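Novice: how would this look folded up:
(chains A and B, ligands or ions: 6)
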Number of protein chains: 2
Amino acid sequence: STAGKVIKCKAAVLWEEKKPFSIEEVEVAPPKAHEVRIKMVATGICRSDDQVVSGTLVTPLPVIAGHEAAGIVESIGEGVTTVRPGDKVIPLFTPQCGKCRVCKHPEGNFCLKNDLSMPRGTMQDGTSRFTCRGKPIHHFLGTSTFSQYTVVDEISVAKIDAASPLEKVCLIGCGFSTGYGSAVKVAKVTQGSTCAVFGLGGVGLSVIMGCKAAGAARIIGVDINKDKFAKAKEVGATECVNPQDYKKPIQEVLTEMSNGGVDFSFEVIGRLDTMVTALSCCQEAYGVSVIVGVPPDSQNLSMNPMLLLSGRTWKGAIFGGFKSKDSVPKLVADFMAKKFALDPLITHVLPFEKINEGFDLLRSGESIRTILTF
Amino acid sequence: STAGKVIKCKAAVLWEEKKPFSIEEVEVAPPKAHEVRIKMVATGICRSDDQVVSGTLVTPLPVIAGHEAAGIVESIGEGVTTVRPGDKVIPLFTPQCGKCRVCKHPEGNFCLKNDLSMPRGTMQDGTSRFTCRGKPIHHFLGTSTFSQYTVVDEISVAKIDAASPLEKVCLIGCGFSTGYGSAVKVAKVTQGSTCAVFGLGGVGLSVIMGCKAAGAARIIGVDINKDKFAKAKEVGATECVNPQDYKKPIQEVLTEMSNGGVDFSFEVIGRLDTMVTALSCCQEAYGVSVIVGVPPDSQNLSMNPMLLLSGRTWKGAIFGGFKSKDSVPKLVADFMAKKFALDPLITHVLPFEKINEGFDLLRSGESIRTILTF
Ligand SMILES: NC(=O)c1ccc[n+]([C@@H]2O[C@H](COP(=O)([O-])OP(=O)([O-])OC[C@H]3O[C@@H](n4cnc5c(N)[nH+]cnc54)[C@H](O)[C@@H]3O)[C@@H](O)[C@H]2O)c1
Ligand SMILES: NC(=O)c1ccc[n+]([C@@H]2O[C@H](COP(=O)([O-])OP(=O)([O-])OC[C@H]3O[C@@H](n4cnc5c(N)[nH+]cnc54)[C@H](O)[C@@H]3O)[C@@H](O)[C@H]2O)c1
Ligand SMILES: [Zn+2]
Ligand SMILES: [Zn+2]
Ligand SMILES: [Zn+2]
Ligand SMILES: [Zn+2]
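Specialist: Residues are numbered from 1 along each chain as shown, chains lettered A, B, ... in the order given. Ligands and ions are numbered 1, 2, ... in the order given. Let me share the structure:
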């Protein structure tokens, strides 16, 4: 029996910015009313977790990061109706409370209960379930998956198919759904269109998958790391360009390549300059540019609003525009029905104890997704 | 009689920025192949014409400005098929060539033959039909309606109903169509939604008209000139706010008023700060903000891209997103069938010879549209 008891387990604690994760024993309190304690099975390394280490994505420290994961329900608090002990689950770093104006809106998904806009690093009730060396440790996006056990609010967890392979479908918790939805739900890429995708990591490859599923005729991958090009072509890029190879700015190159601008562009990096470049390279009268990358804390971009007055559309989205709790079980069912592939995103599978090695693979340009296994 | 001959007539020539128009004799060449010479009957004063005087909308000087007008065809050049002498016409400041990628696109209207993006101040053939004091004078947006006679390319004119009242339907050539289309075609305002309209001049009032036609439940007019409020309520504003009345920035006021941000916001002024404020006041997950104002030449705004990443859509449009030559005749037919009103926009009527008085009325805040009659 662990139910109703404090669990002592292993977690990766980030005590301060720009330091390795500390793998050590934490205490995980039992779930309170409407909370779920999960035994983690697999978690991916997303660039957003690295941005917490870099300090470009601000959230209270010390913290248990990790938000792209899957595991099995260990216990439920009073009042929980949507999952049961032994269920396979994906934590939802964007919650779906079902009650707020956004959850009720046909097109909104950025639930007002999210912990991304103004991060507190707590449970919904403003407290933490984690202690380490006698110190309270913050949560991250209501998920905190870099731990053998986490506690999540019910609105931050989805039940998934009992037969799903958790070492793959953890990517539906972030990278796959974010990129794929950015193309199919947020941009609504059209058949025969020309798309430009800036950044060919796990999220950008998932954007390419979505553009190809939507029947784009041309998908131009843009990355400064030419080692990313082969995999981008495998999942649907028709051509790849490295801005470092050109004397002209890449917006000019992409405008000429697309005979006056692309139909859809996607920023999947998190730099202010590429967000402006991505907007500029879409057709000035009817182009659509989607910001997917997380921009650096408290920094403003500079842009000429004439880019919008001619007719461009600029938008961004969290988690691919998916209503998280409705969508994640459906995406897992679609994966089980072979409607899309996740293996092309997975370059490395490491034990959890090698989390730091996994982060160094990402930082060095050598990995797409490392999956950590508990 | 005048067919094939130079016409000497009076025009309002702008010789230099920040000076009154000079009403004096010009020579108007006869139309070349696929050109149409028009006897002007009525023209409106749009803030964009004033921005030419201010130098914030840059176009080559000296120039004959004016782009919101209606008149009667005097003659047609060789090969013209879409109008005849004696037809009532509205010049199209956004052309519709019908051949370019934009014209063929289901959404696009900003035809690649436009003279707004990189203004030359010519006919399509890169030459001028106007001489004054023996000096060639620039055209403006292919229309140049501040003249008793103008010459336009055929792709820059539409035939309208022979019975239409030209002293009213001239507004379909800019202000009404631009504001009304921004709401009904660009934003696609929904029934029961909350809109905010920044700037309550001729184009903002037309945005309100369009929000009311689309069935918005709340239309919040925003202007620093409270004299604009009464007419905004007459055409559908449910409430008006003056930012100068508040201690807090108006995006915060509008967010409070709309219990978390508006469905649709429109910047109909032409200022960088209000373009950012109008984006901020739309709901962060599903809000839509439309730029209608013409921003000051070559100036960039600064904004935080987190405003978009949460889910906002930001876009702009010229001429309300209408394909100009398809749309203008239909808009006149709908006016003739009492589907919308133009009189609320018309505050003042003057003879063409009092054009400077007409610009003084706009600059003082006193007018919405002054209609000049030739
Ligand atoms: N919107 C969301 O919900 C969401 C969730 C997941 C990820 N994120 C963000 O999405 C971005 C991509 O995440 P990821 O795929 O895990 O990251 P990643 O795997 O590091 O991929 C980034 C790619 O960008 C490339 N790159 C870096 N700089 C440039 C440049 N100047 N020009 C062209 N290419 C460049 C880089 O070589 C790499 O292949 C990051 O900012 C994440 O924080 C957002
Ligand atoms: N997109 C297009 O196709 C298109 C064509 C027509 C007009 N325009 C532009 O649209 C804008 C409006 O044109 P218009 O209606 O003729 O102009 P207008 O009659 O001058 O209306 C503008 C309104 O903005 C108000 N205003 C000025 N500054 C502020 C402020 N800081 N905060 C709130 N209100 C303010 C002002 O009091 C006025 O009532 C101008 O920038 C035009 O150049 C664009
Ligand atoms: Zn919610
Ligand atoms: Zn992520
Ligand atoms: Zn065209
Ligand atoms: Zn105008």
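Novice: what's the host helix or strand of residue A:196 packed up against?
Specialist: Secondary structure from DSSP states H and E places residue A:196 in strand A:194-198. Using 3 or more CB pairs under 8 Å, 6 or more residues apart in numbering or on different chains; DSSP states H and E, the elements in contact with strand A:194-198 are helix A:202-213, strand A:218-222, strand A:264-267, helix A:272-281. For every residue, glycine as well, the C-beta is placed using N, CA and C.
Novice: residues contacting that strand, please?
Specialist: Residues outside strand A:194-198 that contact it (CB atoms under 8 Å, 6 or more residues apart in numbering or on different chains): A:183, A:189, A:204, A:207-208, A:211, A:216-223, A:232, A:237, A:254, A:258, A:262-269, A:274, A:277-278, A:281-282, A:293.
Novice: recalculate using a threshold of 6 Å.
Specialist: Under the criterion CB atoms under 6 Å, 6 or more residues apart in numbering or on different chains, residues A:204, A:207-208, A:211, A:216, A:218-222, A:254, A:258, A:262-269, A:274, A:278, A:281 lie in contact with strand A:194-198.
Novice: what's the first-to-last distance across stretch A:21-39?
Specialist: End-to-end span of stretch A:21-39 (CA to CA, to the nearest Å): 20 Å.
Novice: nearest spatial neighbour of residue A:128, chain-adjacent residues omitted?
Specialist: Nearest residue to residue A:128, sequence neighbours excluded (CB to CB, 6 or more residues apart in numbering or on different chains): residue A:136, at 4.8 Å.
Novice: now that neighbour, what's its secondary structure?
Specialist: strand (DSSP: H, G, I helix; E, B strand; the rest coil).
Novice: check the gap between the residue nearest to residue A:279 when sequence neighbours are not counted and residue A:282 for me.
Specialist: The spatial neighbour of residue A:279 that comes closest, neighbours along the chain excluded (CB to CB, 6+ apart), is residue A:289 at 4.3 Å. Per CB to CB, to the nearest Å, residue A:289 is found 5 Å from residue A:282.
Novice: which neighbours do the two have in common?
Specialist: residue A:265.
Novice: give me the nearest residue to the residue in the stretch 101-250 of chain A positioned nearest to ligand 5, chain neighbours excluded.
Specialist: Proximity of the stretch 101-250 of chain A to ligand 5 (CB to the ion) peaks at residue A:194, 18.7 Å away. Of all residues not flanking residue A:194 in the chain, residue A:218 sits nearest, at 4.2 Å (CB to CB, 6+ apart).
Novice: give me the neighbour count for the one you found.
Specialist: Under the neighbour criterion other CB atoms under 10 Å in any protein chain shown, residue A:218 is assigned a count of 17.
Novice: just residue A:191 next, same as before
Specialist: Residue A:191 has 8 nearby residues by other CB under 10 Å.
Novice: quick one: it from residue A:300, how far?
Specialist: To residue A:300, residue A:191 is 37 Å away according to CB to CB.
Novice: then residue A:17?
Specialist: 22 Å.
Novice: more neighbours: which of the two?
Specialist: Shown here are residue A:17 and residue A:300; by other CB under 10 Å, residue A:300 has more neighbours (15 against 12).
Novice: check contacts around the more buried one.
Specialist: The contact partners of residue A:300, by CB under 6 Å, 6+ apart, come to B:302-304.
Novice: which residue, other than its chain neighbours, is closest to it?
Specialist: residue B:302 (4.4 Å).
Novice: that neighbour contacts residue A:302, correct?
Specialist: Yes. Residue B:302 is in contact with residue A:302 according to CB atoms under 6 Å; the separation is 5.5 Å.
Novice: residues contacting the residue of chain A found nearest ligand 6?
Specialist: Nearest residue of chain A to ligand 6 (CB to the ion) works out as residue A:309 at 12.4 Å. Counting by CB under 6 Å, 6+ apart, residue A:309 touches B:291, B:316.
Novice: re earlier: out of the contacts of residue A:300, which comes closest to ligand 5?
Specialist: Nearest to ligand 5 among the contacts of residue A:300, counting by CB to the ion, is residue B:303 at 30.8 Å.
Novice: quick one: strands adjacent to the strand ranked longest in chain A?
Specialist: With secondary structure taken from DSSP state E, chain A has its longest strand at strand A:35-44. Note on strand A:35-44: by DSSP bridges, its sheet partners are strand A:69-76 (antiparallel), strand A:149-153 (antiparallel), strand A:369-373 (antiparallel).
Novice: related to what we said a few turns ago, tell me how far the residue nearest to residue A:194 lies from residue A:237.
Specialist: 9 Å.
Novice: quick one on the thing from earlier: and the strands paired with strand A:35-44: which comes nearest residue B:118?
Specialist: Smallest distance to residue B:118 across the strands paired with strand A:35-44 (CB to CB): 44.5 Å, for strand A:369-373.
Novice: contacts for the closest one?
Specialist: A:42-45, A:167, A:202, A:345-346, A:348-352, A:355, A:358, A:361.
Novice: try it again with 7 Å
Specialist: Strand A:369-373 is contacted from outside by A:42-45, A:167, A:170-171, A:175, A:202, A:345-352, A:355, A:358, A:361-362, using CB atoms under 7 Å, 6 or more residues apart in numbering or on different chains.
Novice: those residues: which ones sit near ligand 1?
Specialist: A:175, A:202 (CB under 6 Å from any ligand atom).
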